[PDB]
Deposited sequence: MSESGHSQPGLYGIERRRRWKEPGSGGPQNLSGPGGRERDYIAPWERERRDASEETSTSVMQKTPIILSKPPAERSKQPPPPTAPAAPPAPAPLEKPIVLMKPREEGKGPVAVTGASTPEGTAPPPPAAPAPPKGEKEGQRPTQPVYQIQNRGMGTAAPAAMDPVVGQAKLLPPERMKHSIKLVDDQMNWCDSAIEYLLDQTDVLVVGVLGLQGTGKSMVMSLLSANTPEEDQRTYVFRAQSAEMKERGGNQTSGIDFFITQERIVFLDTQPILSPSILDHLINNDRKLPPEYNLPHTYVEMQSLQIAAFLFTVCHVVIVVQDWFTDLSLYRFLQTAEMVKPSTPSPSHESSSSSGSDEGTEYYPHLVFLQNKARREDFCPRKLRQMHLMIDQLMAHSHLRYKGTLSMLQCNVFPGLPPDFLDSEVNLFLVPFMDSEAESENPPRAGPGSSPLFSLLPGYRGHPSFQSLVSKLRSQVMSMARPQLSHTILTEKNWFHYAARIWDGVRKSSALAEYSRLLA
């Protein structure tokens, strides 16, 4: 007579599309402690929803129609639109919270706003910060997804996000995920370049972006020693999804999608779980804390101070 509470089959919502708190998740939270939270940040079609699903309760053999975090549809790409609005919520059997978000600085959102306080552009540029800060405050790990390398605008947006957060200070970890990578990106010569650029671009960020999640020690580069790199930041690469001599396949130059996804999942479930506030929280007090944090972020001052400057 020690059955579990209940199993979830699909994700739910946590913040309405109009930035409004939704209290419909306590039905799945317990009074247990030592929980782990995860968040994401990215643009329109980087692959956020398709990543969290595979990291929490999904496999590559399944179909995009069974993902707990709905992905984009063909009818949505040919029209240049989005599919994720607000913030989602999900919790697995291992008692790990996952949070999906909407793209930052999305053109579709602005376009929609057109047909509906000074300019909507500043409003859309604010929402992104309003969300990034909240995530940097109520999360242990924050993943950043990208389609191509070195956008140069994301590094500025991030730094500007950690300066308007609510408030011996807390700074979460950071992971740099490179989605849709290719052979040219699985070369040591370019690998060191990536690490070098990331280090010189986030030297005064205060965020934990190094000293963890070393793909070098996960068998991705078998015969490569750590001395080849001056400083290995926490970066990961995810590629594109898919008598005897004649059937040999082609040379792709990188490991399969399944292997890398599995390794990333294993390394994410092993991330630290330090305290957020000055107290030990459970799967409920955290919910209340986050609600208060959101209510505060909205009626903040630094954000308004930055909005008036635009």
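Missing from the model, by position in the deposited sequence, are residues 1-169, 286-292, 344-360, 436-451, 520.
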